[PDB]
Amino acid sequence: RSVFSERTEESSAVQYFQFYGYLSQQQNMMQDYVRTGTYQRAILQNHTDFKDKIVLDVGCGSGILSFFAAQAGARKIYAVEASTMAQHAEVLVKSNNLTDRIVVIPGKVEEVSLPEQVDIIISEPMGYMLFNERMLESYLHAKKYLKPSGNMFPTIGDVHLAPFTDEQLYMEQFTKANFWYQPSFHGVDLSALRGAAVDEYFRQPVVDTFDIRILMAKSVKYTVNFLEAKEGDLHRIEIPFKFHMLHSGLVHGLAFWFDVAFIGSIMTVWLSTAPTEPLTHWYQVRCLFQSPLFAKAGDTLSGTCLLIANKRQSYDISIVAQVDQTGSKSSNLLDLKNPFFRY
């Protein structure tokens, strides 16, 4: 009956929140020093946005962000977490003698009740490629508890996409798929499944990092302004792109990364997952074309990245791209929920 349960298969939500119940997964994100340190930097450097304020922390996990809000002078912090990690968060609140300022509220942010409106919302709603997990809609949904002119940390999110050339990666995945090309695997002809194997392997986004020399054009930006957007805006995301090739060669796909900005009263702090920046636990995301497109320097590669939200808390991505000069055209579908962790 809640916004969450109507857009989410129970089976998906069970494993999703089960994953976040593990302390080792909290450690994994907390050890990302770029992510944790930049979050603390954004909050403390903008202490004026928290001093004697009312705060809501959506998906607080162990509560680290609420503790940062407390360090910045918050009057009262509501820390909403839907996994069993909420129990461990309450333990930390009591062991750090902050019961008078951090109030853990177990449950989904779409289902819990708060005693008052808040001045500012803090959260880490970013999945890999930004949009995975569909936590951004929960983050936006929480704005029902936000006073007018209330702030949000992060405030905006920039999605970047750029074409890349990586023949080794394309061959690595093509070689994997060519296992189903064998006409006599122990005497059995698999070749009929060759096509379906290619589809499956190339639907997998490749999550790892890469040298920036593989990019063949200036990135295109797609901005989500969390102060303005409605959760309905993320059900069908359409990202048009028109790249201007800076190098000639084979475009094997598009690389993705994201930045979020904490636009506070003292300064704007950026948290970037770009390949030009130190590595984070989000890495970067690349979508492979089944067949690379050939482009010349000065050519334009135009197309559209259409992200359709599914009830498994992820997106089905369709990427169509064409070299305008030759009409060479590539269409691809990706299952953002089945990534290939290559690093």
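In this text, the rigid core denotes the largest set of C-alpha atoms whose superposition between the two forms falls within 1.5 Å. For every residue, the number given is its place in the sequence shown, counted from 1.
**Message:** Using the rigid core for superposition, please say which stretch has the greater CA deviation in 9 other deposited structures of this protein, 57-65 or 295-303.
**Reply:** When 57-65 and 295-303 are compared in 9 other deposited structures of this protein, 57-65 lies farther out.
**Message:** Comparing against the shown form in 9 other deposited structures of this protein, which stretch has the larger RMS C-alpha deviation after a rigid core superposition, 121-129 or 180-188?
**Reply:** Stretch with the larger root mean square C-alpha distance in 9 other deposited structures of this protein: 180-188.
**Asked** Looking only at CA atoms, which has the higher mean B factor in the entry: 121-129 or 149-157?
**Response** If you average the C-alpha B-factors of 121-129 and of 149-157, the larger mean comes out for 149-157.
**Asked** Averaging C-alpha B-factors over each stretch, which comes out higher, 329-337 or 20-28?
**Response** It is 329-337 that shows the higher mean C-alpha B-factor.
**Request:** Kindly indicate the residue among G253, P106, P205, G187 with the greatest C-alpha B-factor in the PDB record.
**Result:** Across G253, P106, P205, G187, the entry lists the biggest C-alpha B-factor for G187.
**Request:** From the list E137, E116, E200, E81, select the residue with the highest C-alpha B factor recorded in the entry.
**Result:** Max CA B-factor in the entry, restricted to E137, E116, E200, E81: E116.
**Message:** Which third, lowest, middle or highest, does the C-alpha temperature factor of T300 belong to within its own chain?
**Reply:** Top third by C-alpha B-factor.
**Request:** Place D49 in the lowest, middle or highest third of its chain's C-alpha B-factors, as listed in the PDB entry.
**Result:** According to the entry, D49 has a C-alpha B-factor in the chain's highest third.
**CA B-factor ranking of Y181, expressed as a third of its chain** = Its C-alpha B-factor belongs to the highest third of this chain's values.
**Message:** By the recorded C-alpha temperature factor, relative to the other modelled residues in its chain, which third is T223 in?
**Reply:** Middle third by C-alpha B-factor.
**Record-listed C-alpha B factor of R75: chain third** = Its C-alpha B-factor, which the entry lists for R75, ranks in the highest third among residues of this chain.
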